[PDB]
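Next up: just one chain, as structure tokens, the form deposited in one PDB entry.
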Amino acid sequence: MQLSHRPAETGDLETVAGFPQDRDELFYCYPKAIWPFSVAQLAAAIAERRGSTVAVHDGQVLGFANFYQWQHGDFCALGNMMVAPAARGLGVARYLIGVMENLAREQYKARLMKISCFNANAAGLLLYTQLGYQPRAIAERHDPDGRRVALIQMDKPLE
């Protein structure tokens, strides 16, 4: 793919907010959100986070991610990882994760990137593993139906 990236803009909101296809996908990428997803919920996330970035191919916004934790000189934690349904498995997430790693190193002087992935998200767990992330801990969380899920906390040194 001929991918580029830039900071997320207002005009991208409607597109990105269309990416989660069901409650599970929304929970996996934004567990505080309530289905149905909306532009206002995405904009609120952006306002309270850092680094919101889109990946673009052939004029189309295909990916989005941000940081929900950032500690200068230490680490960032990547979240809100969303990819357009027509572009899944084509390398958009891996591209964007690489972009966000550079942004963490360069702008936050981070030595580590943290990613948390829910247990049900096999594709996520396998991709982050391919990208050199290692599992560090498992935490209990609850899904929207009040059922227990396992949040797998992974990390990777930067550089």
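Each residue number is its position in the shown sequence, starting from 1.
Heads up, the form solved in complex with a small molecule isn't pictured, but that's what we're talking about next.
- A residue is said to contact a partner when one of its heavy atoms sits within 4.5 Å of a partner heavy atom; residue 127 meets this definition for the small molecule in the bound PDB entry.
- Within 4.5 Å of any heavy atom of the small molecule in the bound PDB entry lies no heavy atom of residue 112.
- Shown alone here, residue 108 lies farther than 4.5 Å from the small molecule in the bound PDB entry, counting heavy atoms only.
- Looking at residue 70, you'd find every heavy atom of it more than 4.5 angstroms from the small molecule in the bound PDB entry.
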